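Residue numbers (our numbering), protein chains in the order written: chain A, 1 to 213; chain B, 214 to 446; chain C, 447 to 679; chain D, 680 to 787; chain E, 788 to 893.
Even for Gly, the Cβ is constructed at its ideal location relative to N, Cα and C.
Beneath this line is the structure, given in C-alpha cells, with notes to follow.
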Amino acid sequence: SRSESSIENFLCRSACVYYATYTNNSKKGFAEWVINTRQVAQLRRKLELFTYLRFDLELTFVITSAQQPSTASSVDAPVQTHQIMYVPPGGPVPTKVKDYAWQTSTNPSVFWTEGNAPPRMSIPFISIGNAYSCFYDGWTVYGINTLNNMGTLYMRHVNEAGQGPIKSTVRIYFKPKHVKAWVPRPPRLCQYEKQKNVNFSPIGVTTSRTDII
Amino acid sequence: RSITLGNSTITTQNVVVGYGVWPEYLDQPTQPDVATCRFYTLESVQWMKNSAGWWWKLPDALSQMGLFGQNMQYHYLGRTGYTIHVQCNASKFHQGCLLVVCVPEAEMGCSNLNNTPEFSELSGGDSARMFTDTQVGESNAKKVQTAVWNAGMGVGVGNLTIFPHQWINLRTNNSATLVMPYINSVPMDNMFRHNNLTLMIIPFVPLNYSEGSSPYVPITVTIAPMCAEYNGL
Amino acid sequence: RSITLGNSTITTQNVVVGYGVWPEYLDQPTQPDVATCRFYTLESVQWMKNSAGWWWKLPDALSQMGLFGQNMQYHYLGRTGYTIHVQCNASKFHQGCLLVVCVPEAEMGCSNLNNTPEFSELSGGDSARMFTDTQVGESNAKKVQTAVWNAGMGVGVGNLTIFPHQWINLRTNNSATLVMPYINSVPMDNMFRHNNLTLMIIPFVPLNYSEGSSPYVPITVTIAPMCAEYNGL
Amino acid sequence: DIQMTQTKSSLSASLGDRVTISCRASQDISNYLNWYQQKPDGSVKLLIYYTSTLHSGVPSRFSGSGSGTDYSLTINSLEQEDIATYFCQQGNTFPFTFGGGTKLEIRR
Amino acid sequence: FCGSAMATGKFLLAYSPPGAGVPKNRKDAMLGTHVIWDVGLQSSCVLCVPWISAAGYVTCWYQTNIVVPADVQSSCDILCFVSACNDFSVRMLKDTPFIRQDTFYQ
C-alpha cells in the first residue's frame, strides 16, 4: 500500500490510443498515426503532471478483418499478411499505398499473418535532447518543439486480393517503460480543447454550495 | 546586509532555494563574469485595490538591460541561473497578501481556441504584463486569456504553490527571495525562442486601507543572473 | 613564425627594441587584456616612383579601431606601449630603400609662420598623411609644411636615425619590427590631446624598375598594443 | 467571415449507388470541417468531425475528403434512412459559419 | 533622511564618471554605478566618489513613491554631509579669493 503510488506503478499501464480501418483495393485505404500522447484525455492528464519525461516505448497491434460484400461465385481466400512500417523522425513518408517509401531499408517494419499472437515491437528513448518536454514555452509556430518527435506508423495489406474486398481494423496499445519524471506541475482543471496547444475556456474553481456555514 | 555585485548595491535584512539545488557551472564554452553579475532592477508596479496580477518572462526582461542585454545578440546559445528579490513597502496600517511564484515552462493560453498568442502579448521588455479579473472574449484574435483564477494556463490558481514560492503577508513579512537553477531538457538552448522561467505575482487577499493613507503600494523586483555562460568563440 | 594574439594571426620569419627597455606595467587602475591585444592592420599604401613619404600619429590610428577604439571614449587616462610590423613585398627585380623611424613627441610645423596646423591635417584616422617634394606656400592658412628633406620638424632628414629605426633595403631585407615603450613625462596623460608617437616612412633611394614589372610596391603596417592599462572605475 | 457554398442544394439518386455532396469554402480553412445531418422530423446530429474521421456510432457507409478550400462527402450505399438534409461548418475563425442545406430525394 | 519614522520609500544614488553624460532617465542611470537606498531600513547611505582638480554628476532619482500612513505628513527633507575619506594630496599653497580688502581695518 506503500508502493502503489510510485511512478512506475502509476504510468506503466497499457492504453488504447488509436483506432483506424483500411481497405485493400480502394487505393485510398492505408492507415497512418503519428506517435503522440495528446489524443486521449485520460492518458494526457497523467503525463502532464510533470514537465520532463523520459521513457521507453512499447506498442502492440490488434488487427482483425471483415468480409465486405463481393459479387458472387465462391469466395475462398488464404490468410492475410499485414505490414506495419515505422518511420523514424526525419524519414521518407508514403503518399499512396504503392510507393517506394515502403521499401526503404532504414524504416523497420514487421510482417504478421492472421491467426497468431499480435505483433509487439519496442522503441527506445529516441530524441536528441535528454527528456521529452510536455510543456514548451517558446517557438520552434508557438509551443511546438520538434525535438520531441517520436515517429510515424503506417499500415497496409501485402496480399493482392481478387474476388472479395476485405477491410481491416487496427487498435494500437501504448505502454511507457522505465519512466523518469522531473519538475511536477499542477493537474489540469479546465477541459482539453485542442491537441497541439494548451488553449482553454475559463471555468470555475470548484463545485459551489449555498452557504459558507 | 548591504550586499554588492559589480557596480550595484542593494540592502536586505529567509531564502527559498529552487528544488534544493544551487546554481553551478556545466564546443568549448567560456564564461563572462565581470561584465554581467549585477542587480538589474525593473521598475516598480503599483498595487492598487482593483489589481489582479503581473507576470514577467524571465530571459526577456533582461534582453535590453545593457551589458547583459548586449550579450544576447552576440551569442546563439547559453545557460543561466537567477536570483530574484521582490519587496513591497507598506506601513503597519495597510493589509494584504501576495504570492510570488516562479513557473518553469509556463505556456500561456490564447483567447481564440484555434490560434496562438502573438509575441507582443507574451512579454514586454521590462514591463509587467498584467492579469485581468474577467474573460477575454473569443472575438479577439491573438491575445492571452488572462482569467486570473486560471493563471493563464488552464489550471487551478490555488495549486500554484507546488512551484517554488514565497508568501508576502503585509502583517508579518516584507520581502521575498528566490534562487532558481537552470531547468531545461537540453544543456544549451536557443535563447531567442525560449523563455524557460516565468515570475508571477498574484494578490490573493486584496489591498485595503482607511481614508488618509496612500492609495497604492509599490512592488520592486530585482533580478541577478548567476552561472551565466555561453557557447561561442 | 605564425604568431597569434586573440583572434588575429600574422606570420613572420631581427627586432630593434626601443631604448633597450621592454614595455612593462606601472586612484587604483585596472587593466584590459582579453579585449585589446590583437594585430590592428592598417590598409596598405602604394610606393610609386613619384612618392615622398607617409606618417601616422600613433594613438590616433587606433581611435576608430573597434574594441580598442571604443575604449578611448570610456577612459580619460591611460598608458600604452606598441609593437609595429612593417613589410613591403617586392620581387628581386625592383630596387629601393626605406627608413622606418618612430619619433617621440614629433611637433609638426605649419606653413604660415603665425598660425598652428588644424587637427584634420595632423592625422587622419587609419589614413596615411603623405609628405611632399615641394614647399607649401605661406598663403595657406593652416596646413602642415611638408618639405620632406626637413621631415616637417625643421631639422635635417638624414639625422633622423638617432630615434629607433630600421632600414628596409629591397636588395637584402624584407620587413621591419619596432618595440616601443611608453615614453612620457607624466605616468598618465590625456589621451585625446596628445599623440606621443609618430611613425614615418621615407624612401631615401626611390623605387625603380624596368618596363613589364608592377609599377608599385605595397607597404603594410601592423600595430599591436602592449601594456594597455587605464585609470577608471 | 467565411461563406461556405454548397452549390447544389438538391440531390437525387436511387438506392445502392455512390453520392457525393461538396462544400466549397471562401478561403483555406486548414482541415477543420464538420458534417452534420438534419432529419426531416427535426433531429440534428454530427456525422464527421474532421475532414475524414467518423463519429462513434455512425455506420461505415460515410466518408469524407478534401484539402484547402474544396471538400466532399461520400455515401457509398444509399439506404432509406439517409434521406435527410446536410450542412458543412468550419471551425477555424470566428464566428462559426454553416453551409447551406442539401436535400436528397429518390430519383424515380 | 529627516522625515517621519512611519514612512517608506526607495531612492537611487548614481555617480556618472567623467566622460559619461548626465543620465536623462531612471533606466540608464540604473546601468551605471548606483546604490539603491531603502529609507525604511536605514536612514543614511554613503556614496564614495573621487574628486580631482565633463567632471561628474551625483544625481538622485525616485525609485518608488513615498508610502505613508494616515495622519502623517508626506513632505519630508533630506540633508547631505561631505568629508574626505582618505588623505588628500595638496601642493603649492596660495591665497584664497574669498576675502579681500581695500582700506586698513582700524
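### Cβ contact check for the segment 280-287 of chain B and the segment 761-776 of chain D: 3 or more pairs under 8 Å
no
### Task
Answer yes or no: does any C-beta atom of chain E fall closer than 9 Å to that of residue 521/C?
yes
### Query
Within this structure, are the beta carbons of residue 455/C and residue 621/C separated by less than 9 Å?
no
### Message
Determine, for residue 851/E, whether the minimum Cβ-Cβ distance to residues of chain C falls below 9 Å.
### Response
no
### Task
Look at the alpha carbon of residue 8/A and the alpha carbon of residue 57/A, and state the distance between them as a whole number of angstroms.
13 Å
### Task
Report the residue from 521/C, 661/C, 609/C and 613/C whose alpha carbon sits nearest the alpha carbon of residue 675/C.
521/C
### Backbone secondary structure at residue 350/B - three-state DSSP
coil
### Query
Under a Cβ-count criterion, where at least 16 other Cβ atoms within 10 Å of its own Cβ denotes burial, should residue 472/C be classed as buried or exposed?
exposed
### Task
From the DSSP output, read off the bridge partner residues of residue 745/D.
750/D
### Message
Quick check on residue 777/D - is its C-beta less than 9 Å from some C-beta in chain B?
### Response
no
### Message
Give me, in chain order, the residues of the same chain whose beta-carbon lies closer than 7 Å to that of residue 398/C; leave out the 5 immediate sequence neighbours on both sides.
### Response
Lying outside 447 to 679, the shown extent of chain C, residue 398/C is not represented and no answer is given.
### Query
Of all the residues that make up the segment 816-831 of chain E, which are near chain B by a beta-carbon distance shorter than 9 Å?
817, 818, 819, 820, 821, 822, 823, 824, 825, 826, 827, 828 and 829
### Task
Could you check which residue in 488/C, 529/C and 644/C has the C-alpha nearest to that of residue 623/C?
529/C
### Query
Buried or exposed: residue 363/B, going by 16 or more other Cβ atoms within 10 Å of its Cβ?
buried
### Query
DSSP on residue 608/C, reduced to helix/strand/coil?
helix
### Query
Interface residues of chain A around residue 369/B at Cβ under 7 Å?
186, 189 and 205
### Query
With DSSP run on the structure shown, which of helix, strand or coil describes residue 519/C?
helix
### Message
Check whether the segment 433-441 of chain B and the segment 243-262 of chain B touch, using three or more Cβ-Cβ pairs below 8 Å as the test.
### Response
yes
### Task
Answer with yes or no whether the minimum CB distance from residue 473/C to chain E is below 9 Å.
yes
### Task
For the segment 319-333 of chain B, enumerate the residues whose C-beta is nearer than 9 Å to any C-beta of chain A, in chain order.
319, 320, 321, 322, 323, 324, 325, 326, 327, 328, 329, 330, 331 and 332
### Query
Would you say residue 385/B faces chain E, with C-beta separation under 9 Å as the test?
no
### Message
For the segment 365-375 of chain B against the segment 174-191 of chain A, do three or more pairs of beta-carbon atoms, one drawn from each stretch, fall closer than 8 Å, so that the two count as touching?
### Response
yes
#### Entry: Range covered by the alpha helix (DSSP H) that runs through residue 442/B
Where residue 442/B is concerned, there is no enclosing alpha helix (DSSP H), although the beta strand (DSSP E) it sits in stretches over 430-442.
### Query
So is residue 728/D in contact with chain B if we call contact Cβ pairs under 9 Å?
no
### Query
What did DSSP end up calling residue 575/C once you bin it into helix, strand or coil?
strand
### Task
Output the distance between the C-alpha atoms of residue 648/C and residue 845/E, rounded to the nearest integer angstrom.
52 Å
### Query
Just the Cα atoms here: how many angstroms apart are residue 97/A and residue 22/A?
11 Å
### Query
CA-CA distance, residue 752/D and residue 705/D?
18 Å
### Message
Counting only Cβ pairs nearer than 8 Å, list the residues of chain C close to residue 790/E.
### Response
Correct list: empty, because the minimum Cβ distance to chain C is about 31 Å.
### Query
If you measure beta-carbon to beta-carbon, which residues of the segment 255-268 of chain B are closer than 9 Å to chain E?
256, 257 and 259
### Task
Please go through the segment 458-537 of chain C and give each complete alpha helix (DSSP H) segment of 4 or more residues, from N-terminal end onward.
504-507, 512-515 and 517-520
### Task
Find out if the Cβ-Cβ distance for the pair residue 779/D, residue 709/D is shorter than 9 Å.
no
### Query
Candidates 547/C, 508/C and 519/C: which alpha carbon is nearest residue 463/C's?
547/C
#### Entry: Partner residues on chain E for residue 678/C, Cβ-Cβ distance less than 8 Å
804
### Message
Runs of 4 residues minimum, wholly inside the segment 361-417 of chain B: which ones carry the alpha helix (DSSP H) assignment?
### Response
none
### Query
Any Cβ of chain C within less than 9 Å of the Cβ of residue 884/E?
no
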